[PDB]
file model-v8.cif (mmCIF, C-alpha atoms)
data_upload
#
loop_
_atom_site.label_atom_id
_atom_site.label_comp_id
_atom_site.auth_asym_id
_atom_site.auth_seq_id
_atom_site.Cartn_x
_atom_site.Cartn_y
_atom_site.Cartn_z
CA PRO A 396 33.97 25.23 -23.77
CA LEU A 397 36.76 23.27 -22.05
CA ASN A 398 35.87 20.00 -23.81
CA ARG A 399 37.73 20.61 -27.06
CA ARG A 400 38.09 17.77 -29.54
CA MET A 401 41.82 17.12 -29.84
CA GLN A 402 42.66 15.72 -33.26
CA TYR A 403 46.07 14.54 -34.42
CA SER A 404 47.50 11.93 -36.75
CA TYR A 405 48.91 8.48 -36.03
CA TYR A 406 51.11 6.68 -38.53
CA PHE A 407 52.62 3.22 -38.78
CA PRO A 408 54.53 1.25 -41.44
CA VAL A 409 53.67 -2.16 -42.82
CA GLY A 410 56.12 -4.60 -44.39
CA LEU A 411 59.67 -3.34 -43.82
CA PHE A 412 62.77 -5.44 -44.42
CA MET A 413 64.93 -5.36 -41.32
CA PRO A 414 68.55 -5.48 -42.56
CA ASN A 415 70.78 -8.33 -41.47
CA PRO A 416 73.23 -8.02 -38.56
CA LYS A 417 75.82 -9.61 -40.86
CA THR A 431 66.51 -12.57 -41.84
CA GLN A 432 64.32 -15.43 -43.00
CA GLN A 433 61.11 -13.93 -41.64
CA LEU A 434 59.60 -11.16 -43.75
CA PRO A 435 56.60 -9.06 -42.65
CA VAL A 436 53.62 -9.04 -45.01
CA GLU A 437 51.27 -7.18 -42.64
CA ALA A 438 51.43 -5.19 -39.43
CA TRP A 439 49.10 -5.31 -36.44
CA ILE A 440 47.55 -2.47 -34.46
CA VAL A 441 45.05 -2.11 -31.62
CA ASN A 442 41.58 -0.58 -31.49
CA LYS A 443 40.19 1.72 -28.85
CA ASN A 444 38.63 -1.48 -27.49
CA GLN B 362 34.64 9.87 42.53
CA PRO B 363 37.62 11.71 41.02
CA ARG B 364 39.03 10.07 37.90
CA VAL B 365 42.81 9.74 37.81
CA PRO B 366 44.86 9.71 34.59
CA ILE B 367 46.51 6.35 33.99
CA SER B 368 49.17 5.91 31.33
CA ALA B 369 48.38 4.13 28.07
CA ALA B 370 49.39 4.48 24.43
CA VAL B 371 46.13 5.12 22.56
CA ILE B 372 45.92 4.27 18.87
CA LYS B 373 42.78 5.17 16.93
CA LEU B 374 41.77 2.29 14.67
CA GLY B 375 39.05 3.90 12.60
CA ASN B 376 36.10 5.23 14.53
CA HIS B 377 36.91 4.03 18.07
CA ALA B 378 40.26 4.20 19.83
CA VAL B 379 41.97 1.41 21.78
CA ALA B 380 44.66 1.62 24.44
CA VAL B 381 47.62 -0.59 23.52
CA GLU B 382 49.98 -1.35 26.42
CA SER B 383 52.32 -4.08 27.60
CA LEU B 384 53.07 -5.67 30.97
CA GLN B 385 56.38 -7.30 30.03
CA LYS B 386 58.15 -4.86 32.34
CA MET B 387 55.88 -5.96 35.18
CA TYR B 388 56.80 -9.61 34.62
CA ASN B 389 60.53 -9.05 34.10
CA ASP B 390 61.06 -7.29 37.43
CA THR B 391 59.92 -10.38 39.33
CA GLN B 392 61.76 -12.67 36.84
CA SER B 393 58.50 -14.32 35.81
CA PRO B 394 57.64 -15.68 32.34
CA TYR B 395 55.23 -13.47 30.43
CA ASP C 199 31.82 -12.51 10.51
CA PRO C 200 28.25 -11.32 9.87
CA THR C 201 28.39 -12.30 6.19
CA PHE C 202 28.48 -16.02 6.96
CA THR C 203 26.17 -15.73 9.97
CA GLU C 204 23.36 -13.81 8.21
CA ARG C 205 22.81 -16.85 5.98
CA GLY C 206 22.25 -18.91 9.12
CA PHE C 207 24.42 -22.01 9.12
CA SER C 208 24.21 -24.72 6.48
CA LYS C 209 26.27 -27.82 5.82
CA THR C 210 27.51 -26.23 2.59
CA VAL C 211 28.94 -23.17 4.36
CA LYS C 212 30.99 -25.35 6.73
CA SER C 213 33.50 -26.28 4.01
CA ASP C 214 33.88 -22.57 3.25
CA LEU C 215 34.68 -21.92 6.91
CA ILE C 216 37.20 -24.77 7.13
CA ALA C 217 38.96 -23.44 4.03
CA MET C 218 38.78 -19.87 5.35
CA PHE C 219 40.54 -21.06 8.52
CA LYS C 220 43.55 -22.13 6.44
CA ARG C 221 43.40 -19.01 4.27
CA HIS C 222 43.47 -16.79 7.36
CA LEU C 223 46.17 -18.94 8.96
CA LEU C 224 48.68 -18.86 6.10
CA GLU C 225 48.34 -15.16 5.28
CA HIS C 226 47.37 -13.02 8.25
CA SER C 227 49.24 -14.86 11.00
CA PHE C 228 52.50 -13.35 12.31
CA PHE C 229 51.50 -10.09 10.66
CA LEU C 230 54.26 -8.00 12.19
CA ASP C 231 57.13 -9.91 10.60
CA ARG C 232 55.22 -9.67 7.32
CA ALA C 233 54.89 -5.91 7.77
CA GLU C 234 58.64 -5.68 8.33
CA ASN C 235 59.09 -8.06 5.39
CA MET C 236 57.04 -6.16 2.81
CA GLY C 237 57.70 -2.86 1.08
CA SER C 238 55.55 0.22 1.57
CA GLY C 239 52.02 0.23 2.94
CA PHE C 240 53.08 -1.36 6.23
CA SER C 241 51.21 1.26 8.25
CA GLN C 242 47.93 0.49 6.48
CA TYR C 243 48.74 -3.22 6.76
CA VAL C 244 49.30 -3.12 10.54
CA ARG C 245 46.35 -0.76 11.04
CA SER C 246 44.21 -3.11 8.94
CA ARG C 247 45.14 -6.24 10.89
CA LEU C 248 44.62 -4.46 14.21
CA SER C 249 41.27 -3.03 13.06
CA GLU C 250 40.08 -6.47 11.99
CA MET C 251 41.25 -7.76 15.38
CA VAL C 252 39.07 -5.14 17.07
CA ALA C 253 36.08 -5.78 14.80
CA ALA C 254 36.28 -9.54 15.42
CA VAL C 255 34.98 -9.07 18.97
CA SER C 256 33.43 -5.61 18.26
CA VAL C 264 28.12 6.93 29.50
CA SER C 265 31.68 5.57 29.27
CA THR C 266 34.03 4.78 32.13
CA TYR C 267 37.41 5.03 30.36
CA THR C 268 37.98 8.13 28.23
CA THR C 269 41.08 9.55 26.63
CA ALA C 270 42.74 12.46 28.37
CA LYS C 271 42.86 15.42 25.97
CA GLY C 272 39.62 14.33 24.29
CA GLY C 273 36.49 12.51 25.33
CA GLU C 274 36.82 9.38 23.24
CA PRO C 275 35.92 6.13 25.02
CA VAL C 276 38.82 3.75 24.67
CA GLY C 277 36.72 0.81 23.52
CA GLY C 278 39.17 -2.02 24.12
CA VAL C 279 42.76 -2.78 25.11
CA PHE C 280 45.62 -4.50 23.30
CA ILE C 281 48.07 -6.43 25.48
CA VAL C 282 51.31 -6.91 23.55
CA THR C 283 54.83 -7.78 24.56
CA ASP C 284 57.53 -5.14 24.95
CA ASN C 285 59.01 -6.13 21.58
CA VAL C 286 55.66 -5.77 19.83
CA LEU C 287 54.68 -2.51 21.57
CA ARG C 288 57.39 -0.41 19.94
CA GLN C 289 57.01 -2.09 16.56
CA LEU C 290 53.34 -1.15 16.77
CA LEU C 291 54.08 2.39 17.94
CA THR C 292 56.45 3.01 15.04
CA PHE C 293 54.07 1.73 12.36
CA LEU C 294 51.22 3.63 14.04
CA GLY C 295 53.05 6.89 14.57
CA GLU C 296 50.37 9.40 15.52
CA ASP D 199 28.92 11.99 -17.25
CA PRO D 200 28.57 15.53 -18.66
CA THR D 201 31.15 14.89 -21.40
CA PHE D 202 28.90 12.44 -23.24
CA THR D 203 25.71 14.34 -22.43
CA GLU D 204 26.88 17.77 -23.66
CA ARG D 205 27.10 16.32 -27.18
CA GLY D 206 23.44 15.38 -26.90
CA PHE D 207 22.91 11.74 -27.78
CA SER D 208 23.74 10.24 -31.16
CA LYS D 209 23.69 6.70 -32.47
CA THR D 210 27.48 6.82 -32.78
CA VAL D 211 27.99 7.61 -29.08
CA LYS D 212 25.90 4.59 -28.02
CA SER D 213 28.66 2.13 -28.97
CA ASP D 214 31.08 4.20 -26.89
CA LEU D 215 28.73 3.91 -23.91
CA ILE D 216 28.28 0.15 -24.32
CA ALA D 217 32.05 -0.29 -24.44
CA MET D 218 32.51 2.08 -21.49
CA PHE D 219 30.12 -0.11 -19.48
CA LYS D 220 32.49 -3.07 -19.89
CA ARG D 221 35.56 -0.92 -19.28
CA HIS D 222 34.10 0.35 -16.01
CA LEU D 223 32.91 -3.14 -15.07
CA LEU D 224 36.23 -4.95 -15.47
CA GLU D 225 38.40 -2.33 -13.79
CA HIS D 226 36.59 -0.29 -11.16
CA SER D 227 34.29 -2.98 -9.76
CA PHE D 228 35.19 -4.57 -6.40
CA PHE D 229 37.58 -1.70 -5.82
CA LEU D 230 38.36 -2.54 -2.21
CA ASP D 231 39.91 -5.93 -2.93
CA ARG D 232 41.91 -4.22 -5.67
CA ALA D 233 43.09 -1.59 -3.19
CA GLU D 234 44.21 -4.35 -0.84
CA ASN D 235 45.69 -6.15 -3.87
CA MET D 236 47.81 -3.30 -5.22
CA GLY D 237 50.94 -1.67 -3.83
CA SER D 238 51.07 1.93 -2.67
CA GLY D 239 48.60 4.64 -3.61
CA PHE D 240 45.66 2.73 -2.14
CA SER D 241 44.47 5.79 -0.22
CA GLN D 242 44.27 7.88 -3.39
CA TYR D 243 42.70 4.89 -5.16
CA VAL D 244 39.93 4.43 -2.58
CA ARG D 245 39.42 8.19 -2.27
CA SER D 246 39.22 8.41 -6.06
CA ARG D 247 36.62 5.66 -6.42
CA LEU D 248 34.54 7.11 -3.59
CA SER D 249 34.80 10.63 -5.03
CA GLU D 250 33.65 9.40 -8.43
CA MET D 251 30.80 7.60 -6.66
CA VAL D 252 29.76 10.90 -5.09
CA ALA D 253 30.14 12.86 -8.33
CA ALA D 254 28.04 10.31 -10.24
CA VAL D 255 24.88 11.52 -8.49
CA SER D 256 26.39 14.93 -7.50
CA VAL D 264 20.86 26.71 4.45
CA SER D 265 21.83 23.10 5.22
CA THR D 266 20.10 20.71 7.59
CA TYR D 267 22.96 18.31 8.39
CA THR D 268 26.27 19.88 9.37
CA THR D 269 29.42 18.42 10.86
CA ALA D 270 29.96 18.94 14.57
CA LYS D 271 33.26 20.78 15.07
CA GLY D 272 32.86 22.64 11.77
CA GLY D 273 29.99 23.88 9.67
CA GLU D 274 30.40 21.69 6.62
CA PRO D 275 27.16 20.28 5.17
CA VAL D 276 27.52 16.54 4.92
CA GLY D 277 26.31 16.33 1.32
CA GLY D 278 25.52 12.63 1.11
CA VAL D 279 25.79 9.35 3.01
CA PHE D 280 27.59 6.08 2.28
CA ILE D 281 25.94 2.92 3.58
CA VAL D 282 28.55 0.16 3.75
CA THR D 283 28.72 -3.14 5.55
CA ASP D 284 30.65 -3.57 8.80
CA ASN D 285 33.49 -5.25 6.92
CA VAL D 286 33.75 -2.39 4.43
CA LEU D 287 33.43 0.38 7.03
CA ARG D 288 36.73 -0.34 8.75
CA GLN D 289 38.55 -1.03 5.49
CA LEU D 290 37.37 2.40 4.38
CA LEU D 291 38.29 4.05 7.67
CA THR D 292 41.84 2.68 7.53
CA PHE D 293 42.49 3.77 3.94
CA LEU D 294 40.87 7.14 4.72
CA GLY D 295 42.61 7.78 8.01
CA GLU D 296 41.92 11.42 8.82
#
call {"tool": "encode", "arguments": {"input": "model-v8.cif", "output": "structure tokens"}}
result
Amino acid sequence: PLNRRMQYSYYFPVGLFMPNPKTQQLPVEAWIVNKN
Amino acid sequence: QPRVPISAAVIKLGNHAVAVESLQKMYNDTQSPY
Amino acid sequence: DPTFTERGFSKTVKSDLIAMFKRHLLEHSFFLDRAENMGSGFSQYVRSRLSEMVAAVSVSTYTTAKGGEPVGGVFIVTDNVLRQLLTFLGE
Amino acid sequence: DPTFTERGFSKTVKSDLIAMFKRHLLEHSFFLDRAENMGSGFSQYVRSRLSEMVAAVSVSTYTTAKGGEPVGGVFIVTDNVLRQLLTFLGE
């Protein structure tokens, strides 16, 4: 009984415009990692 | 024969001990190079 | 080392031994100044080099006093190396 | 491991086991050269790998001498691994 399946939610944004410090690269996609 | 205790620093390196000592004091009293 | 003796001796293993001479010369030599040079783990480092130095040459007539352990060898150091061994090997 | 056995065996858990084979092969294998390679914590590292190696296979007839502890297993190492275990596991 002490092997409970912990389940919670991850979240991540794709394609955000970073505002300028006063930006020619624009993200179309975002990368993540597997469990492998 | 009776066994006398002689002085030696004994470190235990794993399963068998060894008796580390130095004779630099024996060579310095006679002013001899070690 | 038994690992390079148990294969007998070939002409291929001789190059491994001549390279292992240099690899043991550059790293393990002057081990006490390296143990003062490095960070933590100096006690295991000094105890490791001394234990390999015992294992290189591998009733009892010379026992310890408060036990019965045969004393199985003797290190002969200088007076400057004796205390730097006795501090890294505290007990 | 009881954690992947207590769920029975499915076809989904087989991919987890085949990936866990590689994850245990790349990290935990040749643990003694890694324990010499790393910084501090080598005693807990070696004791951890040996304790997992005992727990993998999990009156008494073989007790210790000055106590009564049953000796519950036996490691058979080489002569080069015996002293590198006995230095990292000092007591």
call {"tool": "atom_distance", "arguments": {"input": "model-v8.cif", "atom1": "CA of residue 277 in chain C", "atom2": "CA of residue 373 in chain B"}}
result
10.0 Å
call {"tool": "resolve_selection", "arguments": {"input": "model-v8.cif", "expression": "the PyMOL selection byres ((chain C and resi 267) around 10)", "output": "PyMOL selection string"}}
result
(chain B and resi 364+366-367+380) or (chain C and resi 264-266+268-270+273-278)
call {"tool": "residues_around", "arguments": {"input": "model-v8.cif", "residues": "residue 389 in chain B", "least_positions_apart": "5", "cutoff": "12 Å", "atoms": "all atoms listed in the file", "output": "PyMOL selection string"}}
result
(chain B and resi 383-384+394-395) or (chain C and resi 283-284)
call {"tool": "residues_around", "arguments": {"input": "model-v8.cif", "residues": "residue 371 in chain B", "least_positions_apart": "3", "cutoff": "7 Å", "atoms": "only C-alpha atoms", "output": "PyMOL selection string"}}
result
chain B and resi 378-381
call {"tool": "atom_distance", "arguments": {"input": "model-v8.cif", "atom1": "CA of residue 214 in chain C", "atom2": "CA of residue 232 in chain D"}}
result
21.9 Å
call {"tool": "resolve_selection", "arguments": {"input": "model-v8.cif", "expression": "the PyMOL selection byres ((chain A and resi 409) around 9)", "output": "ChimeraX atom specification"}}
result
/A:407-408,410-411,435-439
call {"tool": "resolve_selection", "arguments": {"input": "model-v8.cif", "expression": "the PyMOL selection byres ((chain C) within 12 of (chain B))", "output": "PyMOL selection string"}}
result
chain C and resi 241-253+256+266-296
call {"tool": "atom_distance", "arguments": {"input": "model-v8.cif", "atom1": "CA of residue 208 in chain D", "atom2": "CA of residue 223 in chain D"}}
result
22.8 Å
call {"tool": "axis_aligned_box", "arguments": {"input": "model-v8.cif", "around": "range 201-217 of chain D", "padding_each_side": "8 Å", "output": "AutoDock Vina command-line options"}}
result
--center_x 27.5 --center_y 8.7 --center_z -27.1 --size_x 25.1 --size_y 34.1 --size_z 27.4
call {"tool": "closest_residue", "arguments": {"input": "model-v8.cif", "among": "D:229, D:236, D:222, D:201", "to": "chain A", "atoms": "all atoms listed in the file"}}
result
D:201
call {"tool": "closest_atom_pairs", "arguments": {"input": "model-v8.cif", "of": "chain D", "to": "chain A", "cutoff": "12 Å", "atoms": "all atoms listed in the file", "output": "Markdown table"}}
result
| residue | atom | partner | partner_atom | distance |
| --- | --- | --- | --- | --- |
| D:200 | CA | A:398 | CA | 10.0 |
| D:201 | CA | A:398 | CA | 7.4 |
| D:202 | CA | A:398 | CA | 10.3 |
| D:203 | CA | A:398 | CA | 11.7 |
| D:204 | CA | A:398 | CA | 9.3 |
| D:205 | CA | A:398 | CA | 10.1 |
| D:213 | CA | A:444 | CA | 10.7 |
| D:214 | CA | A:444 | CA | 9.5 |
| D:215 | CA | A:444 | CA | 11.8 |
| D:216 | CA | A:444 | CA | 10.9 |
| D:217 | CA | A:444 | CA | 7.3 |
| D:218 | CA | A:444 | CA | 9.3 |
| D:219 | CA | A:444 | CA | 11.8 |
| D:220 | CA | A:444 | CA | 9.9 |
| D:221 | CA | A:444 | CA | 8.8 |
call {"tool": "closest_residue", "arguments": {"input": "model-v8.cif", "among": "D:255, D:231, D:224, D:238", "to": "chain C", "atoms": "all atoms listed in the file"}}
result
D:238
call {"tool": "decode", "arguments": {"input": "model-v8.cif", "residues": "range 365-380 of chain B", "atoms": "N, CA, C and O atoms", "output": "short mmCIF file (atom, residue, chain, number, x, y, z; two decimals), in the first residue's frame"}}
result
data_model
loop_
_atom_site.label_atom_id
_atom_site.label_comp_id
_atom_site.auth_asym_id
_atom_site.auth_seq_id
_atom_site.Cartn_x
_atom_site.Cartn_y
_atom_site.Cartn_z
N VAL B 365 58.57 -8.98 24.38
CA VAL B 365 58.58 -7.62 24.93
C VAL B 365 57.80 -6.70 23.99
O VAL B 365 57.82 -6.90 22.77
N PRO B 366 57.09 -5.71 24.51
CA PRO B 366 56.43 -4.75 23.63
C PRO B 366 57.42 -3.72 23.11
O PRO B 366 58.12 -3.06 23.87
N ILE B 367 57.47 -3.61 21.79
CA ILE B 367 58.29 -2.62 21.11
C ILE B 367 57.35 -1.59 20.49
O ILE B 367 56.18 -1.90 20.24
N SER B 368 57.83 -0.37 20.30
CA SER B 368 56.94 0.73 19.97
C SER B 368 56.84 0.92 18.46
O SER B 368 57.86 1.04 17.78
N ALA B 369 55.61 0.97 17.96
CA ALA B 369 55.37 1.12 16.53
C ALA B 369 53.95 1.61 16.31
O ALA B 369 53.00 1.09 16.89
N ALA B 370 53.81 2.61 15.45
CA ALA B 370 52.51 3.09 15.01
C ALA B 370 51.92 2.09 14.03
O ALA B 370 52.54 1.80 13.00
N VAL B 371 50.74 1.56 14.35
CA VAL B 371 50.14 0.46 13.60
C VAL B 371 48.88 0.97 12.92
O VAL B 371 47.88 1.26 13.58
N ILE B 372 48.93 1.08 11.60
CA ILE B 372 47.77 1.43 10.80
C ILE B 372 47.20 0.15 10.21
O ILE B 372 47.95 -0.79 9.91
N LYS B 373 45.88 0.09 10.10
CA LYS B 373 45.21 -1.10 9.58
C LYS B 373 44.69 -0.80 8.18
O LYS B 373 43.69 -0.10 8.03
N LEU B 374 45.37 -1.34 7.18
CA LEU B 374 45.06 -1.08 5.78
C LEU B 374 44.19 -2.21 5.24
O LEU B 374 44.66 -3.03 4.45
N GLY B 375 42.94 -2.23 5.66
CA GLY B 375 42.04 -3.25 5.16
C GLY B 375 41.92 -4.40 6.13
O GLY B 375 41.38 -4.27 7.23
N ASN B 376 42.43 -5.56 5.71
CA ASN B 376 42.24 -6.77 6.51
C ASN B 376 43.45 -7.09 7.37
O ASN B 376 43.31 -7.76 8.40
N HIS B 377 44.64 -6.64 6.98
CA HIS B 377 45.84 -6.88 7.77
C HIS B 377 46.54 -5.57 8.08
O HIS B 377 46.67 -4.70 7.21
N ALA B 378 46.98 -5.43 9.33
CA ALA B 378 47.64 -4.22 9.79
C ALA B 378 49.11 -4.23 9.39
O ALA B 378 49.68 -5.27 9.07
N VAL B 379 49.71 -3.04 9.39
CA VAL B 379 51.13 -2.85 9.15
C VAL B 379 51.63 -1.84 10.18
O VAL B 379 50.86 -1.03 10.70
N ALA B 380 52.92 -1.89 10.47
CA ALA B 380 53.50 -1.08 11.54
C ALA B 380 54.41 -0.02 10.95
O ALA B 380 55.61 -0.25 10.80
#
